[PDB]
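A closer look at the structure
Now for the letters of each chain:
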Amino acid sequence: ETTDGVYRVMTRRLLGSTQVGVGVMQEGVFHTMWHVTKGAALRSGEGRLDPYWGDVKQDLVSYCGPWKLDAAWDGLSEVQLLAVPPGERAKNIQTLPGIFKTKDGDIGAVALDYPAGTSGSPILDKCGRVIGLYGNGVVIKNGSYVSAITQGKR
Amino acid sequence: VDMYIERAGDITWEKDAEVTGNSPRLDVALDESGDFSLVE
Amino acid sequence: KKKX
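Residues numbered from 1 in each chain as written, not as in the entry; some residues may be left out. Chains lettered and ligands numbered in written order. Heavy atoms only, no water. Residues with missing side-chain atoms left out of burial classes, pairs and counts.

X-ray crystallography is the method the PDB entry lists for this structure, together with a resolution of 1.45 Å.

As annotated in the PDB entry, chain B carries the name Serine protease subunit NS2B and is attributed to Zika virus. What the PDB record gives as the title of this entry is "Crystal Structure of Unlinked NS2B-NS3 Protease from Zika Virus in Complex with Inhibitor MI-2267".

In the nomenclature of the PDB entry, chain A is known as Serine protease NS3 of Zika virus.

1. Details of the overall build of chain B
The secondary structure content of chain B amounts to zero helices and three strands. Beginning at the N terminus, the succession of helices and strands in chain B can be written as β-β-β. Across its three principal axes, chain B shows a C-alpha extent of roughly 40 × 40 × 10 Å. (Helix = DSSP H or I, 4+ residues; strand = E, 2+ residues; numbered from the N terminus.)

2. Overview of the sheet that holds strand β13 (residues 130-133) of chain A
All names here are of chain A. Spatially, four strands are ordered β9-β8-β12-β13 in an open sheet, and the strand pairing comes out antiparallel. Each end of this open sheet is capped by a strand with a single partner; those strands are β9 (91-95) and β13. Averaged over all neighbouring strand pairs, the angle between strand axes comes to 30°, with direction disregarded. By the bridge criterion, two bridges tie strand β8 (residues 79-83) to strand β12 (residues 122-124) in an arrangement that is antiparallel. Each residue of the ladder has a partner; that of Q80, found in β12, is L124. (Pairing = 2+ DSSP bridges. Axes fitted to C-alpha atoms, helices over the stretch in contact; angles between N-to-C directions.)

3. Here we look at the pattern of salt bridges
Residue and element names in this part refer to chain A. On inspection of all chains with the given rule, the structure shows seven salt bridges over all chains. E27 is the partner of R154 in a salt bridge, and the nearest nitrogen-oxygen pair spans 2.8 Å. With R154 in the segment after β15 (145-148) and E27 in the loop between β2 (17-26) and β3 (29-32), the pair connects residues that are 127 residues apart, well separated along the chain. Here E27 falls in the partly exposed class, since its relative accessible area comes to 43%. (Salt bridge = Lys/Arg side-chain N within 4 Å of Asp/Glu carboxyl O. Buried < 20%, exposed > 50% of the residue type's maximum accessible area, 1.4 Å probe, protein only.)

4. Regarding the interface of chain A and chain B
Facing the 57 residues of chain A at the interface are 34 residues of chain B. Per-element accounting of the side of chain A that touches chain B gives the leading share, eight residues, to strand β1 (residues 5-12) of chain A. Residue composition of the side of chain A that touches chain B, grouped by class: 33 nonpolar, 15 polar and nine charged. (Contact = heavy atoms within 4.5 Å. Nonpolar A, V, L, I, M, F, W, Y, C, P; charged D, E, K, R; others polar.)

5. Points about the interface of chain A and chain C
Size of an interface, as often reported, equals the accessible area lost when the parts are brought together. Listed by partner, the interface residues are 14 residues for chain A and four residues for chain C. No other element matches the three residues that strand β14 (residues 137-139) of chain A contributes to the side of chain A that touches chain C. Here the side of chain A that touches chain C is built from residues that sort into seven nonpolar, five polar and two charged.

6. Considering the sheet that holds β14 of chain A
Taken together, the six strands give an open sheet; going across it, the order is β14(A)-β15(A)-β11(A)-β10(A)-β2(B)-β3(B), and neighbouring strands pair in mixed fashion. The two strands at the open ends of the sheet, each matched to only one other strand, are β14 of chain A together with β3 (36-38) of chain B. The mean inter-strand angle of the sheet, taken between neighbouring strand axes irrespective of direction, is 40°. Relative to strand β11 (residues 105-110) of chain A, strand β10 (residues 98-102) of chain A is paired through five bridges, and the arrangement is antiparallel. For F100 of chain A, the partnering residue across the bridge sits in β11 of chain A and is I107 of chain A.

7. Digging into the pairing of β1 of chain A
Note that β1 of chain A and β2 of chain A share eight bridges and pair antiparallel. Each residue of the ladder has a partner; that of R12 of chain A, found in β2 of chain A, is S17 of chain A. The turn joining β1 of chain A and β2 of chain A, which pair antiparallel and follow one another in sequence, is formed by four residues. Relative to strand β1 (residues 2-9) of chain B, β1 of chain A runs antiparallel, the two sharing seven bridges. By the bridge assignment, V6 of chain A is partnered in β1 of chain B with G9 of chain B.

Right, here's the structure in full:
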């Protein structure tokens, strides 16, 4: 119920299902964005995953244990968004990040646009390590989107 | 509300992939609620 | 776009 991989986060009511986001299972911990689940418990097969840590300002939450993803963008190399859009198979999109320049340092940022339920899709370095999650960002003047590469602290 | 997860794939880098998108350099601020905004 |  916690095998490594990328997962869709779904909700179902009486009718069908809706994909509200995506997350990463690594080292027995599920990692996603706070705005996807709001820390609600997650069903995985017959099991239940409970929130362990989170931070609304970082827009991150982990389940079952502390945040495990610690790879960092090197500030130089191209990366891949492993986008998992609703209703579409996972696909890798290679890009050279831009930068969010903030008063508290710079953050890599990817100019790729996907539906809201793609939130939490992992961004990867060339070694396949998860350098952050996609889906907390800004809209620029032409209407397109730029997502921070949001990484937690391990 | 039943919130659940389902596997979608293995986390792997794709060799010879589509390189797309630009690399914007933006001045942004982050509020305590986790919202980024452009500095004007 | 959370900012489709």
